[PDB]
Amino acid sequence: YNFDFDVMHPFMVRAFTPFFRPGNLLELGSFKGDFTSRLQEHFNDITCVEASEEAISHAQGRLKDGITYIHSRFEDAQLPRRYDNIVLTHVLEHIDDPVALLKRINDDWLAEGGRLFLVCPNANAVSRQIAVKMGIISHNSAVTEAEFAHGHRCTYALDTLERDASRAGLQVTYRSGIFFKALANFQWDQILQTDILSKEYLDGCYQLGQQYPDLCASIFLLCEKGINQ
């Protein structure tokens, strides 16, 4: 059990489902294709952009047909088309110039009526706030040493995430949160090996999280295209 892959990925797909547009999907930062496989249950026409040849090859081997793979960094990517749905989940925090990426999404890649599904780890998640109170993390939006090593350049909260989307020219249509998270991953991974927490308890955390977006594991902005000339 990995909390991110086994718990968060499915709830993210749940969170997105009511907002999906008919048509195609673009997955930015598809890596090894773990999230793509869930998206394939919803879309037959998926385009995947990933900078790592190794990751993109693994995906290619594992996933079913109907994926267009684009091996590129986002700033160099030349896409053949515009997209009805764009997924950017746990990628923006790794980008040196996040406004410039969101701006490409707005200006170059969103179809008319298209939607961006923008999801990042939340600074203000309960578990993270507890770690801040414990002094393990200096403050909520801090980037820790491990985090920086893993490539994080920011730790978004709803305030700074909407700022950057807004700065990029996107229209933010909906703000929400995914999964009320009171334990840290290291704790989840241990507890999930036990029968202490049920699947219903997890579903409850998802359900309650919608009522306290600011306290969830990940925060979620639904965005639409704004006119920029």
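From 1 onward, residues are counted along the sequence shown.
According to the PDB record, 185-193 carries the higher mean C-alpha B-factor of the two stretches 185-193 and 31-39.
Mean CA B-factor, 119-127 versus 75-83: the higher value falls on 75-83.
Listed residues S176, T160, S198, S166 were ranked by CA B-factor as deposited; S198 comes out on top.
Per the PDB record, residue ranking by Cα B-factor puts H150 in the highest third of the chain. Sorting the modelled residues of the chain by their CA temperature factor places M8 in the middle third.
Looking at the C-alpha B-factors along this chain, the one for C223 belongs to the lowest third. When the CA B factors of the chain's modelled residues are split into thirds, the value for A59 lands in the highest one. Among all modelled residues in its chain, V172 ranks in the middle third by Cα B-factor.
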